[PDB]
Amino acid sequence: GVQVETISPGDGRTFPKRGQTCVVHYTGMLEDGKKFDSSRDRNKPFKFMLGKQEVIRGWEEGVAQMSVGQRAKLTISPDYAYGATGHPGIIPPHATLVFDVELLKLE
């Protein structure tokens, strides 16, 4: 599944709805491995629409339980991420992913 551990609390009231755009910053790394991506480096926040299957399942379920302002460590098992195939060139088969995700804003 996806485990959500809080780094800094959000407001505890404003949670994403299906169909809303979540605006986030993230850093991704392989569990006890390499950092492979960060929107912070790029100075540009990542946006995705919750519930449209644009992103991996662990993000869909993980971000849905976060409130605005929250920063959390998401640990995502391979079956909630890229599974036995991985993501070619970047994520190997059967990788556990850890993301640091900060929910900035909803649009």
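Residue indices: 1-based, along the sequence shown. So that the term is clear: the rigid core is the largest set of C-alpha atoms that superpose within 1.5 Å between two forms.
Asks: Using the rigid core for superposition, please say which stretch has the greater CA deviation in 4 other deposited structures of this protein, 28 to 36 or 55 to 63.
Replies: Larger mean C-alpha displacement, comparing 28 to 36 and 55 to 63 in 4 other deposited structures of this protein, is found in 28 to 36.
Asks: Of the two stretches 20 to 28 and 83 to 91, which shows the higher Cα B-factor on average in the entry?
Replies: Higher mean C-alpha B-factor in the PDB entry: 83 to 91.
Asks: Determine, for stretches 67 to 75 and 34 to 42, which one has the higher mean CA B-factor as deposited.
Replies: Here the higher of the two C-alpha B-factor means belongs to 34 to 42.
Asks: Which listed residue, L104, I7, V101, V2, has the largest C-alpha temperature factor in the record?
Replies: Comparing C-alpha B-factors across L104, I7, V101, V2, the top value belongs to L104.
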